[PDB]
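Residue numbers (the authors' numbering), protein chains in the order written: chain Se, 45 to 123; chain Lo, 1 to 25; chain SO, 2 to 140; chain SJ, 2 to 130; chain SM, 78 to 154; chain SP, 2 to 151. Data block below; observations after.
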Amino acid sequence: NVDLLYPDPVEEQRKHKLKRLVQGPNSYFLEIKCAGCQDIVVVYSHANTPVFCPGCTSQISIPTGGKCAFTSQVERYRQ
Amino acid sequence: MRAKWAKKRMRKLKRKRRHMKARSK
Amino acid sequence: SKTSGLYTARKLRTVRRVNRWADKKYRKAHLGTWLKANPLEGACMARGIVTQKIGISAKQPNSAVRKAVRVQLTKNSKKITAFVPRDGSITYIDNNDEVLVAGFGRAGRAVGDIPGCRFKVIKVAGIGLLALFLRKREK
Amino acid sequence: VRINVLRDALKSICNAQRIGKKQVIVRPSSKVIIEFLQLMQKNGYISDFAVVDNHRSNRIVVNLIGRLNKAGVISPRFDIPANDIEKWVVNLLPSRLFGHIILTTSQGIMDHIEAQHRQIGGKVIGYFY
Amino acid sequence: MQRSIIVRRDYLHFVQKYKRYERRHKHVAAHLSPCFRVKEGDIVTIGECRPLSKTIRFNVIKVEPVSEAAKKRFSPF
Amino acid sequence: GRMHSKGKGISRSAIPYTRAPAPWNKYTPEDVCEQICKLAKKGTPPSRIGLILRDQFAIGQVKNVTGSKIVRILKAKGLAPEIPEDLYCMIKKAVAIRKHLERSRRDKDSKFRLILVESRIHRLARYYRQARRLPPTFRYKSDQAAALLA
RNA sequence: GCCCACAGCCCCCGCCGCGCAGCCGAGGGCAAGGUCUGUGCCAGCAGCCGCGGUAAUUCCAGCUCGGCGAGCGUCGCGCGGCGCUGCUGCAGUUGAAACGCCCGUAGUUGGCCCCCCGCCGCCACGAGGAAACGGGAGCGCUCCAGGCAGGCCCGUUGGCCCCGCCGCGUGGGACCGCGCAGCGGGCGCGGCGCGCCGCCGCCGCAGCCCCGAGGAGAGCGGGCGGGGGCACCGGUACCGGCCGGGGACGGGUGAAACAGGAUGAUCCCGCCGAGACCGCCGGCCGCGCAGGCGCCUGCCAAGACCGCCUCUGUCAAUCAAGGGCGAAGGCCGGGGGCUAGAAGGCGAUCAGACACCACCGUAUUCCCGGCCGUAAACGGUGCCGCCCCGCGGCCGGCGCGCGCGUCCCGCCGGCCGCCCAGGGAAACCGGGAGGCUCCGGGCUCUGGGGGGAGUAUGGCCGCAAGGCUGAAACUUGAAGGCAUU
C-alpha cells in the first residue's frame, strides 16, 4: 500500500537530500572522546577544517571528501 | 566537387571583373 | 521560437514586417519593382500599334507555330509580344492596325506552350478579335 | 530558468495521470497553483491534495482519481473582457456545455461560468478539462 | 539645460492583433524652478503651463528625490 | 547551471528544518557573538568563521543559536569587511590570473578565464551598488584591483 | 385622370391588344456525348494536367446535353482560399532554414514569500463628445432593393447600441510590477481648525532581519582529467654525412620505366649532424567554451564535479550592438629546414593523359610576432527550465552495508548503447526529434517552390586572397526529403 506524504525513513535516506520530501542534512554531530582524557569533544561528521582535542595540542581530524577520519586515539561515541 | 569548382570559377570571374573595373576607374 | 511576453508586441510586429517580404507573392504584389517592369504598367488592357508579326515555335512537347504580333504599347513605347487567340485569327490582324492587348491570364507569366509570351490580342482596329472569329462583325 | 511554475505542475499532473500513478509531487508551492487545485477539487478532477512544508518553496502531493483528460496554462496571462470568455471557450475547451476555463479576476480565481454569472473578466491563469 | 529638465514619461501601448503590449517612452521639456533641485531619475510632477518656449509647455510642480543608483527601471506611474 | 560553465552540478548545503539551538548546546547568543568578533579580529573571511564555529566548536548554524547571520553580527560591531567578501574573492582570483598572464602572453585559455571572472565581478558589483552595500562611486579598475585588495 | 416649374415616368382606368435568351462549356479538376464530321504534332485548343503525328472523349463544325441567367464570358487587382506569414496558428536531424564558439549591454523574461495600504497596468460600470454607416425596436414602399414611415394614434412614432474614446469618473483589486523612511503622545488652532516644522525621553510601541530556491555567486576540503601556458627534455625512425666490411646489382611497380651501381651502390655495423614527431598502451577513456588536446622533469595560474547544519541574499536567464577565441590552407615580417609535399619537372599508361601509379622537387609543414575569420566548424539538432520506462556498460566524487573486497547497493554530475510509451512523411528520436491540431515556460537566430545568384551594385572589413551584408529584371512547373519495388 504505497502512500506519498508518509514515506519510509530507511529507504528515503537513499534519495538525494534535496530530492527528499523535506530537504534535510545528511551530516550530523558525533561526540568523540579525547586521547587520554574522559572529556568528550563533539565533532561535526564532515569536517574539512581541522579540529583539536581539548588541552592536547595536536590534530584530531583528517579532512576527507565526506565524513572526516580521526587522527589521534579517538572513541567515536556518536551522538 | 562541382560546387567547389563552381565557386572557384565564380571567384576567378570576380577577380577578373574587379581588375577590369580598376583599369577604367 | 514564438517569443511571447505581455510586453513583447514590438518584436513580433518587426518580425512579421521583415519576414512577410520573403514570399515571392508579397514582393511581387507590394515591392512594386514589378509595376515598373510590367509593360501593361498597372492596367488590364493597353492600346498599341502593331510594329511586327511573327510565328513562335510552341514549347516541346507540343509542336505548332503560334501566331503573334509584336506590338509597341502607345502608353510607354514598351515592346510586348502578343498571342492571337482563336483559329487562323492572325489573318484578321494587319501590320500597323492598332490593337488592344490584355493579359494572357497568369498575371505576368507565359501561359501554355507559347514561350515567354505574357499578352494576348483582344481587339483589332476597334473590333473584338473573338467577334471577328465568330463572324459577328466584318473587317 | 523556472519561470511559469504552474506549467511545470500541470505537465507533471497530466503525465502522472496518463501512466495512472495515484500520487504526483510538485516541487514549488504557489498560491496560484493551490487555487487551480482547489478549482479542480471543486469540479472533482483531483481526488485530494496536501502541501508538505520545507521552510522553502513548499512541496505539493496530489492524489489523482484518474478522471483528468488534460490541464494547460496560457502564457502570457491575456486579459479577457467579459464579452470574450465566449470566444476563448470555443478554441480552448472541449464543447460549450462541459470543461472549465479558469481566469484570475479581482473577485478571485474563478471558473469561466462563475465569472460569466458575475459578468466580469480577468487574465487567463489556465484551463482544466 | 539652464533651469529646465527633459522629463521622460513611460507608458504602455496595446496592439490588439498580438494581445501583447509595447512599452513606449516620450520626452517632454519642463521648466525647473530654482526652489527645487532635481538629480537625474527623480520623480517630478509636471503641471501644464503657457507655451513658455519652443518645447517647454510644462513646469515642475513638485519633486520627490530618488537614490543615486537603483537601476533605470521602466516606471509608467 | 553555472553562468560561465555548462556544468549542471548540484552540491548544495541543506540547512536543518528545525531552526533550534542544538540539544547539546551549552553557549549563550552573546558568547557566540564575542567568539565571532575574535575571529573577525583575526581577519578570517566570514565563510571561514562559520566553518570554524561548526568544526572547531559545534554550532552548526549561527542563525539557529545567535538569532542572526554571521555578516549581520559583524555589521553590528562594525567589524564588517568594506567589500562584501564574495566580490573580494573573485577580485583576488582575477589579480592572480592577471599576474600569471603578465608572464605568459601565449596562454590563450587563461585570457578566456580572465574575461569570465572579470564579467562576474562587474555583474556582482552592479548588484551591490544598487543595494547600496557598496558606493555608487565604485567602478572596477583592473589597474587598482591589487591595491583595492588592501 | 393622377403626377409634374412645365412636361414626362409611375400608378389608375376605358378601348385595342402582337412573349421575346443569351453567354460560356461537356476528358479531368468541374455539372454536361466516350456522339457524328472534317483535319492529320499541321491548323488550332489548353489558367493547370494536357490534347492533336488516320479510328482527336480535347481542334473545327452540325448534334444533343450541362451551368448560370437578362445576363454570361475574359482581363487586372484586393480579399478569401493560404495554419504559403502563423498572436491565436508555421517550419528549422535529413525537404528551405540553430549564428563555429564564449562573453556581453540595450531589449525581453524572471522561483517562493506579507492578506487587508498607496501608486501602475488590470476588469466592470459610468460620464463626455458627429450623424450617416453598420447593427437593431416598430412600421405590408403591392413584394423587394428601400424609406422613416404611419394612422383617429406611448405628449403617433422615428427606441437603443456602436469613436479601445489609449484620457476622465467610480467600484473591485485576484493577477502584475514598484514604494529607501522609526512610530505614538505633548506643546499646537504653534496668527479663524488642522497640517507644519522644530523640540521634549516624552514611556506608550514584540520599536526595527519572512525565508534559505534539487536559482545563482563566494568559500572549505577531498580526490579527477591527452584542459592551457612556459622552460627543460628522452626515444627511435626518416634524412644527410663518416669509418670499416663484402662484392653486382639496386630502386620502383599493377607491370614497367626514369633518376642510383666498380667514384664499390643496395646491404651490414659503429659513429656524428640536423630538424620534425610523440609509437605499441590508446578506448562506446577522459578533459576543454568551441576550434582542439598524448615524451621526460619541473614551474605557473586555473576548471568542472562531489562532499558539506560554510557565507551572501535574487545578485538570475536569453541575448542586437560591442569585445575576445577560432582547424586547415593562405598572407606579412623574422627564424629554421629532416620528412611529406599544391606548383614545377620527369617516367610509364591511353586515341589523347598534360590525371590517377612511380621518380625528383619549390611554397608550405615546424618555431616567433602579427593578419585572415573560414570548414560536411556536424551530433547536419541554439540556450536556460520542468516532467520524463525500464534495461545495460563506462568515468569521477560521496554515502550505506557486510567478509573483505579496487565486493554489494544506492546518490549526484557527466560519457554512451538498447528500447516501452509517445512522436514523425518516413529514415529514425526516445536523457527527445516525447510530454504539441486536446496546439501558449522563457529568450535569441534563421527559413517561406526551383533557378537567376551568393551574381550585380552600394556599404564596411582585409596587405591581399577575400570575408560580412546583399538584389532585381527575367526564366520555369517543377526542385527537394524519406521509404518501396
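In this text, a Cβ means the ideal position worked out from N, Cα and C, and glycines have one as well.
If we ignore side chains and look at the alpha-carbon of each, how far apart do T138/SP and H19/Lo end up?
Counting from 1 along the sixth sequence, the entry for residue 138/SP is found at position 137. Counting from 1 along the second sequence, the entry for residue 19/Lo is found at position 19. Distance between the alpha carbons of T138/SP and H19/Lo: 57 angstroms.
Output, in chain order, the set of chain SJ residues within a Cβ distance shorter than 7 angstroms of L49/Se.
Along the first sequence, one-based indexing puts residue 49/Se at 5. The contacting residues are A51, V53, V62.
By the criterion of Cβ-Cβ separation under 7 angstroms, what are the contact partners of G6/SO in chain SJ?
Counting from one through the third sequence, the residue named residue 6/SO turns up at place 5. By Cβ distance, chain SJ contributes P77.
Select from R67/SO, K76/SO, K80/SO the residue whose C-alpha is nearest the C-alpha of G89/SO.
Taking the first residue of the third sequence as 1, we reach residue 89/SO at position 88. Measuring from the Cα of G89/SO, the nearest candidate turns out to be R67/SO.
Since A83/SO and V122/SO are thought to touch, with beta carbons under 8 angstroms apart, how far apart are those beta carbons, to the nearest angstrom?
In the third sequence, counting from the first residue as 1, residue 83/SO sits at position 82. In the third sequence, counting from the first residue as 1, residue 122/SO sits at position 121. That pair is a contact at about 5 angstroms.
Reducing DSSP to helix, strand and coil, say where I16/SP ends up.
As a position in the sixth sequence, residue 16/SP is number 15, starting the count at 1. In the structure shown, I16/SP sits in coil (DSSP, three-state: anything other than H, G, I, E or B).
Below 6 angstroms, is the gap between the Cβ of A126/SP and the nearest heavy atom of the ligand ZN?
Judged by which ligands are present, the structure shown has none, so any question about the ligand ZN falls away.
For the region 91-111 of chain SO against the region 68-80 of chain SO, do three or more pairs of beta-carbon atoms, one drawn from each stretch, fall closer than 8 angstroms, so that the two count as touching?
yes
What span of residues does the alpha helix (DSSP H) with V19/SO cover, start to end?
Along the third sequence, one-based indexing puts residue 19/SO at 18. Taken as a continuous stretch (DSSP letters only), the alpha helix (DSSP H) holding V19/SO covers 10-21.
Against chain SM, with Cβ distances strictly below 7 angstroms, would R130/SP count as a contact?
Within the sixth sequence, the letter at position 129 stands for residue 130/SP. Yes, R130/SP lies at the interface with chain SM (some Cβ there is under 7 angstroms from its Cβ).
Ignore the nearest five residues each way along the sequence and tell me which others in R87/SO's own chain have a CB closer than 6 angstroms to its CB.
Numbered from 1 along the third sequence, position 86 holds the residue referred to as residue 87/SO. So the list reads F134, once near-sequence residues are dropped.
Mind listing which residues of the region 126-149 of chain SM have their C-beta closer than 9 angstroms to chain SP's C-betas, in chain order?
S144, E145, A146, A147, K148
Within a Cβ cutoff of 7 angstroms, which residues of the same chain sit near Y88/Se, ignoring the five residues on either side of it in sequence?
As a working note, residue 88/Se is residue 44 in the first sequence. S71, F73.
Looking at the secondary structure, which residues open and close the beta strand (DSSP E) in which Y98/SM lies?
Indexing the fifth sequence from 1 puts residue 98/SM at position 21. 98-108 is the extent of the beta strand (DSSP E) around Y98/SM.
Quick one: which chain SJ residues come within Cβ less than 8 angstroms of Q67/Se?
Taking the first sequence and counting its residues from 1, the one referred to as residue 67/Se is at position 23. Per Cβ cutoff of 8 angstroms: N55, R57.
Return yes when the Cβ of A107/SM is within less than 7 angstroms of the Cβ of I138/SM, no when it is not.
The count along the fifth sequence starts at 1 and reaches residue 138/SM at position 61. The count along the fifth sequence starts at 1 and reaches residue 107/SM at position 30. No. Outside cutoff.
According to DSSP, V2/SJ sits in a beta bridge with which residue or residues?
Here residue 2/SJ is taken as the residue at index 1 of the fourth sequence, counted from 1. In DSSP, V2/SJ forms no bridge with anything.
Determine the burial state of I11/SP: buried for a count of at least 16 other Cβ atoms within 10 Å of its Cβ, exposed for fewer.
Against the sixth sequence, residue 11/SP aligns to sequence position 10. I11/SP is exposed by the Cβ-count criterion.
Distance check for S102/Se and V52/SJ, CA to CA, integer angstroms please.
Position 51 of the fourth sequence, counted from the first residue, corresponds to residue 52/SJ. Position 58 of the first sequence, counted from the first residue, corresponds to residue 102/Se. About 49 angstroms.
How about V74/SJ and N5/SJ: are their beta carbons less than 7 angstroms apart?
As a position in the fourth sequence, residue 74/SJ is number 73, starting the count at 1. As a position in the fourth sequence, residue 5/SJ is number 4, starting the count at 1. Going by C-beta atoms, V74/SJ is nearer than 7 angstroms to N5/SJ.
Using the Cα positions of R130/SP and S48/SP, report the straight-line distance between them to the nearest angstrom.
Within the sixth sequence, the letter at position 129 stands for residue 130/SP. Within the sixth sequence, the letter at position 47 stands for residue 48/SP. Their backbone Cα atoms lie some 22 angstroms apart in a straight line.
Can you grab the Cα-Cα spacing for the pair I60/SP / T93/Se, in whole Å?
Stepping through the sixth sequence from its first residue, residue 60/SP is reached at position 59. Stepping through the first sequence from its first residue, residue 93/Se is reached at position 49. Distance between the alpha carbons of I60/SP and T93/Se is about 14 angstroms.
If you draw a straight line from the alpha carbon of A38/SO to that of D24/SO, how long is it in whole angstroms?
Looking up residue 38/SO in the third sequence gives position 37. Looking up residue 24/SO in the third sequence gives position 23. So the two alpha carbons sit approximately 19 angstroms from each other.
Taking 7 angstroms as the cut-off, decide whether the C-beta atoms of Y46/SJ and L94/SJ are in contact.
Along the fourth sequence, one-based indexing puts residue 46/SJ at 45. Along the fourth sequence, one-based indexing puts residue 94/SJ at 93. No.
Of the choices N64/SJ, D9/SJ, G21/SJ, whose alpha-carbon is the least far from that of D47/Se?
Within the first sequence, the letter at position 3 stands for residue 47/Se. Comparing Cα positions, the closest option is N64/SJ.
Closer than 8 angstroms is the cut-off here; do at least three beta carbon pairs connect the region 7-26 of chain SJ with the region 100-111 of chain SJ?
no
Hey, does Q24/SJ have any beta-carbon neighbour from chain Se nearer than 7 angstroms?
The residue you call residue 24/SJ lines up with position 23 of the fourth sequence. Chain Se contact via Cβ: present.
Can you check whether the CB of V27/SJ is closer than 7 angstroms to the CB of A10/SJ?
Against the fourth sequence, residue 10/SJ aligns to sequence position 9. Against the fourth sequence, residue 27/SJ aligns to sequence position 26. Their beta carbons are under 7 angstroms apart, which means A10/SJ touches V27/SJ by this criterion.
What does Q57/Se reach in chain SP if we use C-beta pairs closer than 8 angstroms?
Against the first sequence, residue 57/Se aligns to sequence position 13. Here the premise fails: no neighbours, minimum Cβ distance about 13 angstroms.
Can you tell me whether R60/SJ is buried or exposed? The criterion is at least 16 other CB atoms within 10 Å of its CB, across all chains shown.
In the fourth sequence, counting from the first residue as 1, residue 60/SJ sits at position 59. Classification for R60/SJ: buried.
Please check if any C-beta of chain SM sits within less than 7 angstroms of the C-beta of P137/SP.
The residue labelled residue 137/SP in the question sits at position 136 within the sixth sequence. True, the Cβ-Cβ gap to chain SM drops below 7 angstroms.
Bridge partners of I26/SJ, per DSSP?
By one-based count along the fourth sequence, residue 26/SJ stands at place 25. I26/SJ is bridged to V62/SJ.
Give, in chain order, every unbroken run of the alpha helix (DSSP H) that is at least 4 residues long and sits entirely within the region 80-129 of chain SP.
Listed in chain order, the complete alpha helix (DSSP H) runs (minimum 4 residues) inside the region 80-129 of chain SP are 86-104.
Straight-line CA distance for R114/SM to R14/SO?
Residue numbering aside, residue 114/SM sits at position 37 when the fifth sequence is read from its first letter. Residue numbering aside, residue 14/SO sits at position 13 when the third sequence is read from its first letter. Near 41 angstroms, if we compare the C-alpha coordinates of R14/SO and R114/SM.
Quick one: using the 10 Å Cβ neighbour count with 16 as the cut-off for buried, is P40/SO buried or exposed?
By one-based count along the third sequence, residue 40/SO stands at place 39. Looking at its Cβ environment, which holds 16 or more other Cβ atoms inside 10 Å, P40/SO is buried.
Tell me, which residues are paired with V66/Se by DSSP?
Taking the first residue of the first sequence as position 1, residue 66/Se is located at position 22. Note: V66/Se sits in no beta bridge, so no partner.
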